[PDB]
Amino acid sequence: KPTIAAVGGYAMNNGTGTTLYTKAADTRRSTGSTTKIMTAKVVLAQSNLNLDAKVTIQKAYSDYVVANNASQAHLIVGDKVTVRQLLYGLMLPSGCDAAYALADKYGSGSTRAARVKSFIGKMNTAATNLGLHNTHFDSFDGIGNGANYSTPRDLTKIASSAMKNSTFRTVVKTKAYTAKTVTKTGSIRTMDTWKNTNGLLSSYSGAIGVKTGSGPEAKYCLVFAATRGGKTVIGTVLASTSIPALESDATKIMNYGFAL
């Protein structure tokens, strides 16, 4: 069994569900921005989903990332961004501003506050429905406020579920995406390219994902997935030392799972 720096780790064969690696796999820990995996899953589950629908960027979303010192996609207030573009902004640079836009959009309620509350409720319901017992969300990005934890095992199940969606899969393996949005005056703005923070996409042969995570207590986390010769390994590493350490941990676990 490989030795990793992360305090928590887990991996399984995505196809069969067989656990391939474990390390404090069921110990609750802050998820940080990896929570966005659930945010995306909930959105993609909406029956009234229209990926081409345009959402106006509110000043609230920009103030939010500032007030919470959160990673952002640099969405400009007044811009009209499609739900699909928001999914890229959410998953590539870890846009907490995009997370707010999606929660506001897909939560139920007559006000923004009521809608974000409703959305977070859907995230918890989604976890429950997956049979999870060690996952809880009090925010839509894992950076908001309250209790936001999961476990390497729970998070891997969430990601596996999300990977069943073709849009999710596409977004998650994209290294770079340049959004062309509509400004408040009708012209089309070419935003600075969004680069995926997941270094494994270009450093690990066969890497398909999923997503990085960070936060004051979420330090450096990573939900990874790779496919090699018809076998897909998916897993999570929580609370690693550094970025390089994080990628090495994920690499070791995946290489181990592929050899078994």
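Note that residue numbering begins at 1 and tracks the sequence as displayed.
**Q** Using only the Cα atoms and their B-factors as the entry lists them, report which of 180-188 and 117-125 averages higher.
**A** If you average the C-alpha B-factors of 180-188 and of 117-125, the larger mean comes out for 180-188.
**Q** If you take the mean CA temperature factor per stretch, which one wins between 108-116 and 169-177?
**A** Higher mean C-alpha B-factor: 108-116.
**Q** Could you check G230, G206, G213, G235 and tell me which one carries the biggest Cα B-factor in the deposited entry?
**A** In this record, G230 carries the highest C-alpha B-factor of the candidates.
**Q** Tell me, lowest, middle or highest third: where does the Cα B factor of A226 rank within its chain?
**A** Lowest third, going by the recorded CA B-factors of the chain.
**Q** Quick one: classify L49 as lowest, middle or highest third of the chain based on its Cα B-factor.
**A** Highest third - that is where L49 ends up once the chain's C-alpha B-factors are sorted.
**Q** If you rank the chain by CA B-factor, which third does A147 end up in: lowest, middle or highest?
**A** Within its chain, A147 is a highest-third residue by C-alpha B-factor, going by the deposited values.
**Q** Give the position of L20 by CA B-factor within its chain, expressed as the lowest, middle or highest third.
**A** Its C-alpha B-factor belongs to the highest third of this chain's values.
**Q** For the chain shown, is the CA B-factor of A70 in the lowest, middle or highest third of its modelled residues?
**A** Middle third of the chain for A70's C-alpha B-factor.
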